[PDB]
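Notes to accompany the following structure.
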Ligand code: NI
Ligand code: NI
Ligand code: NI
Ligand code: NI
Ligand code: NI
Ligand code: NI
Ligand code: NI
Ligand code: NI
């Protein structure tokens, strides 16, 4: 068993992840800044497929049009030198004090207009660099108090913003799709579109829903105590999993962004099983923060660990589904029956089917055990490589 | 200030609420069963508008077709005697052991067929009694372990079930709509459609989405640590708030179903403000459990408290919105600007607007305080009746 | 690698665990009751060391003094027939409606007196059967509302109860110790002594603290989002880990009592590592509920899984600590330095040590990485059996 | 009803609270720094009694011995000019990168020695300024991963540190006591001594326990989903409430530090009731952060709101306890009986009391309702000023 990643595994990382300097709400940075070129090179050596960026990670805020040009050219050369791709980009609408009440849903109308112009400028840059997905994380869209934000008006403003971005992309003929990244809270007390479900429901109200999907993050759904593989299954069912952010989280608390596989390990196993079996073909993107206890050697070790843990879990999930004892257990728990229509015979035949009600033996049905505990222990054995 | 409810306030209660005998997972019942007729009469005396029921609350499971007839006739006479209405009904698909792996998404296909027939039978009864809304709470739809439930297949089965019920209602020409009640967990480890957002997104995939809305419950969204007024605002924005369940919950733990106003009192204030200001016109339904510490006098006191606390909060929220100091504060925090379109001028004019980017003074914008803390203290003063 | 338990592994189970009939707050029992004799025999065949009981699990509430005698004799014969031991016993002070406001801290004084007499009667029975530890879980001690319970008076009543039980045991010359089992909530809204920490602090205020320790349960500390291995380390540090309850829990929600190893698997690994390395010598007791989806075959599979997962994790934790690469990593992260006194030289020498402050190079110290991410990935590799 | 604070209400604020510049983990500061002298003056005008500080709030880290002298003299003059007191001080052992793995429990021994010297230096300064309480918040004491911290060794190091500080204070003859401030997590993944209970238990293992108490913070116990008034009652029962930090928190999430009265309003009511009725005489200290949405006018409004909400709740709790209808309800719920000993007659008389068991009517006892819901609605009415 060797678990070395290759660019064909499509592992990607944000510039902001390995480049996080370790500033947290109670302390100063513990690491120096990383040159984006440096990160691209180090990640390529680790076996990564590509990188992602916020506008402000690549071009420092307030850069002159020409300093801009210069930063991009250096970056493009590093991409050329290494074979690294840029599959996704996003906008920083949360760090600058002007976004303290939000970007697209700020109460001040002039700030909402600025937020849109800042976004459109980076969409152009993303397309140039070849990105196929443009992510939006509305980190400042929300409130700490009840009267500060009329949420129906804010949702109108949010729809207005995304509809305009969709108009722009279509008018320019760009081949790029949008992905909304939910988070329930932090840094705002409550953030709008707090879960995968709220984001999926919102998308259905946009003018061109086909251009929008979700970019769920493992830790964010877990901050609401939700089951991440279930949420991803709903997103896949809807045809809306455009991208995904992988990391780890230990429960309901502040957003930890631990390396993937840390946090809830069994959820990571069921997630990998689902992604691989559904044939998800997008990037396996890591949105994580190497802990501020680490020096740069620790940063690269943490990034390598993300990829390693994905490949180990992939191997264990494949072994699980391939095991004939597990296929027998699946039939014993009637997963095969779950996949069959309830009533392909139609409503009238169901209504006339006396075996469905009048003469249904409910006591016999109730006595049938589901055998889920044996199945789950087979999954545990596979995960731990303890199959005897 | 007098806070007496009248049937015009549209307060409703489930039979199962005041009739809960106090059985919990660690203990026996502490109260005798209540005769549904008794409950209808006592609730009418308290000023309630009507009652709701599960099929099994009104007709004990396994009743003969004629015992059935008899239970309904007694109930109808109590409704006639008191003027009480029956605006909503629902199905019990969770108590009987045959539903231990779910009703609509049970792995066993014969159980899913039985679940549909049990539901259809009660829809007929609901229409007869005049209900306008039929609620579905999929309490057993979910799993304790990862391999027990393929969630895409389960969502296919769930869609299949709701599509069939919609076919039935339309074919019968019934004027009744469906409302899905989300809950994140309990009694299953994770329940499918765990929040208002997931339910709204699911509805958009049904064949006739116009027949389906949500029935959110205060405590259930709070079990995921979510902001209930925000979720209700999203549901109103979508035109899908068909019904609502009011109660109290203290945080992320087991489903407490405390009387309304208990639990998170400020959230109750912002909820009432939103409902009243959005002109929600459905029932104000209480889905609550009088604590098992109480005798029947305590049960009626708890039910009266539900209604009282709604009317006090209604008065305080109205006073808040009517106060000219608060209207000035709202303008100071630019709630008026939030309600104005960001770019009614259109995309091209936004792109050509140099005041939106090239010459936007971001530092000046960032320095503007939002004045949210003064506004929130005005709301606190109003809530506590301390306005000086 | 074979993972078969033997009675020498000291695995124990409560009668109430495999015997749980599957009644939950939303549904009826799905399994018939188990005869305690049946359970003892089945558990012995699985490799268990012994069983535990509540008074009411073994002798149905309200039994005549002679029916009592009969139930105990049958039980003792099953113990004799199988070699099974009874290391712990406890009292049911939560199921009967008379305990709806608590046992030791009920507001009614006559109920508190009854609670003490019911307890003392079972202590006598526990000693007869050879138990060394008597557990107290104050499941009903607490409140749903603020005014219902003066908590200082309730703590006085709680101390009074435990002091009296300690007087009784000493006066009778019994060799038995007490263990308090914390839980933060459920079935009460908030339960008194909600965590391992509150229980340890309370014990220090009893008249004979040496007779009392804690019986922490994995899932219960996790219901407060706490780190269970940390809490156990504090209990070991204090010399108060008298017993332990092993199971699994997925986060902050209702008390799931899943089989051990389910729920937070990495926490289970760090717990086993700590128990084995601290040389904890008491029973490895499982307080778990086989899910109500299961028939009796599923019940025994779930119980076997508890033991299996302990032995797999024991093997992986031992391999981790024995690996020379891990010992090197531990030194690299300065775990050796953590175990050395900070200032064995004493206060004055610390005050006079200029290398401790005046001439301490804080920048050099701050630049040293802790190398925790490499260490944690070594632990992950060991846990998953992926060491290359 | 007028709710103006005076210095006699003993309201205090940390320099770091109104002086928080609004830097959060996702964004830059939104406010300029405040001169400590400026804060003292503004707080005095608001009616505050005094201020508290971390060493680094008052003297910027790395200050020369003489720059030090200068900062203190300016501060002392502002205190003299306004009549403001300094009742508590504390050490910053969390911001500087050298504390990234902790201060007292850092794995590096030289960092632990530095942490102690930095603390001792500020204790001297605290005594000079008249502080009576010295707080310790071990924000960096903890871990993100299982192997990084042996918690028994860390607790040995923690005890060693506090024992040395107690030696120092006694040797110097200072009249100052220590208060440990628990927090469950953030900025570390898990923090040692995570709740009031763990801190109380730890204190009992110090060499001179009488010198140490707790400084609980409303939001911190709520981050573990615990009931703060209950925890404070346990701390009062133990004689260990040396100080308290007041603020608001909405549930289990990141540490919000909202103004007092925000967050869980009913918990704030029950807390004030308990503090006032137990005659707590220390400072009413606010550890809060004015939201980063605010300008300086908003900062002062938020600080004023802290004090206002305390005085409103004080008035409502006093009215509640003074109301004869409430005293009757308290007797009806048998709070009077809770305060009476269970068995002042002693163990033998309890054992011989047949009314306690043999002839106890359990059914009659069980039928008695506790009347807690009526009592809680009286408390609600009082809180909302709706008593009819
Ligand atoms: Ni995150
Ligand atoms: Ni992300
Ligand atoms: Ni509920
Ligand atoms: Ni409900
Ligand atoms: Ni439990
Ligand atoms: Ni237990
Ligand atoms: Ni805090
Ligand atoms: Ni604090």
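With no solvent and one point per C-alpha, what does the Debye sum give as log10 I(q)/I(0) for the protein assembly as shown at q = 0.04 Å⁻¹?
-0.24
Relative contact order for chain D: what is it in percent, counting Cα pairs under 8 Å that are at least 6 residues apart?
14 percent
I'd like the mean, over residues of C:299-312, of how many other protein chain beta carbons sit within 10 Å of each residue's own Cβ.
Mean shielding by partner chains, rounded to a whole number: 3.
At residue B:332, label 7 Å along Cα→Cβ: distances to the other copies, nm, ascending?
List, nearest first: 4.4, 5.8, 6.9 nm.
Which one of D:138, D:62, D:263 has the biggest mean-square fluctuation once chain D is modelled by GNM with Cα springs under 10 Å?
For chain D, modelled as a Gaussian network with Cα springs under 10 Å, the answer is D:62.
I need the semi-axes of the equivalent ellipsoid of segment C:315-386: take the C-alpha gyration tensor, multiply each eigenvalue by 5, square-root it, list largest first in whole angstrom.
Calculated on Cα positions only, the semi-axes equal 34, 15, 7 Å.
Among bridges DSSP assigns within chain B, what percent are antiparallel (round to 5)?
That works out to approximately 15 percent antiparallel.
Run the helix sum for chain D: -39,500 (n - 2.57) per DSSP H stretch of 4+ residues, divided by residue count, reported at 222 nm to the nearest 500 deg cm²/dmol.
-14000 deg cm²/dmol
Taking the convex hull of the Cα atoms, report for segment C:244-388 its projected area averaged over all directions, in nm².
13.2 nm²
Which chain A residue sits with its beta carbon nearest the axis carrying A onto C, and how many Å away is it, rounded to a whole number?
Output: A:385, 2.
Using bins 10 angstrom wide from zero, how does P(r) for segment C:88-234 break down, in % of all Cα pairs?
The distribution over segment C:88-234 is 12, 43, 37, 8, 0, given as percents.
Between copies, how far apart are the residue C:72 label points? List them in nm, one decimal, shortest first, with each point 7 Å from Cα toward Cβ, please?
5.7, 7.1, 8.7
Which order results if D:85, A:149, D:118 are arranged by neighbouring Cβ count within 10 Å, fewest first?
D:85, D:118, A:149
Based on the Cβ-Cβ distance from residue D:128 to residue D:210, what FRET efficiency comes out when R0 is 35 Å, to the nearest 0.05?
Using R0 = 35 Å, I get an efficiency of 0.90.
What percent antiparallel are the DSSP beta bridges of segment B:1-143, to the nearest 5?
The answer is about 10 percent antiparallel.
Taking the Cα-to-Cβ direction at residue A:68 and at residue A:296 and moving 7 Å from each Cα, how far apart do the two end points lie in nm?
According to this spin-label approximation, the distance is 3.0 nm.
Report the FRET efficiency, 1/(1 + (r/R0)^6), for residue B:345 and residue A:29, where r is their Cβ-Cβ distance and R0 is 60 Å, rounded to 0.05.
According to the calculation, E is roughly 0.90.
Binning at 10 angstrom from zero up to the longest distance, how are the C-alpha pair distances of segment A:229-301 distributed in percent?
Once binned at 10 Å, the Cα pair distances of segment A:229-301 give 18, 46, 28, 8, 0.
For chain A, what are Rg and Dmax over the alpha carbons, in angstrom?
So, for chain A, Rg and Dmax equal 23.3, 80 Å respectively.
Once the label point is set 7 Å along the Cα-to-beta-carbon vector, what list of distances in nm do you get between residue B:354 and its counterparts in the other copies?
6.4, 8.6, 10.3
Could you check the simple spin-label distance between residue A:117 and residue A:170, using points 7 Å along Cα→Cβ, in nm with one decimal?
Going from the residue A:117 label point to the residue A:170 one covers 2.5 nm.
Would you please give the FRET efficiency between residue B:80 and residue D:38, computed as 1/(1 + (r/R0)^6) with r the Cβ-Cβ distance and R0 = 45 Å, to the nearest 0.05?
The pair residue B:80/residue D:38 has a calculated efficiency of 0.05.
Between helix D:151-172 and chain D, what is the angle of the helix's C-alpha long axis to the longest principal axis, kept within 0 to 90° and rounded to the nearest 10?
So the helix axis and the longest Cα principal axis differ by about 70 degrees.
To the nearest 10 degrees, how steeply does helix D:265-277 sit against the main Cα axis of chain D, on a 0 to 90 scale?
Value to nearest ten degrees: 80.
Between D:349, D:317, D:267, find the one with the highest GNM mean-square fluctuation for chain D; connect C-alpha pairs within less than 10 Å.
Residue with maximal mean-square fluctuation among D:349, D:317, D:267: D:349.
Give the angle, between 0 and 90 degrees and rounded to the nearest 10, that separates the Cα long axis of helix D:109-128 from the longest principal axis of the Cα atoms of chain D.
80 degrees
Quick one: B:53, A:288, D:296, fewest Cβ neighbours within 10 Å first, how do they rank?
In increasing order of surrounding Cβ atoms, one gets D:296, B:53, A:288.
Give me D for segment D:19-153 in µm² s⁻¹, whole number, from Stokes-Einstein with Rh from the Kirkwood sum over alpha-carbon pairs, 25 °C and 0.890 mPa s.
Rounded, D is 148 µm²/s.
Would you mind telling me the antiparallel percentage of the DSSP bridges in the protein assembly as shown, rounded to 5?
Taking every DSSP beta bridge with both residues in the protein assembly as shown, the antiparallel ones total about 15 percent.
Rule-based calculations on the coordinates, nothing more; no lab input. Quick reminder, even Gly has a Cβ in these numbers, built from the backbone with ideal geometry, and neighbours come from all protein chains shown.
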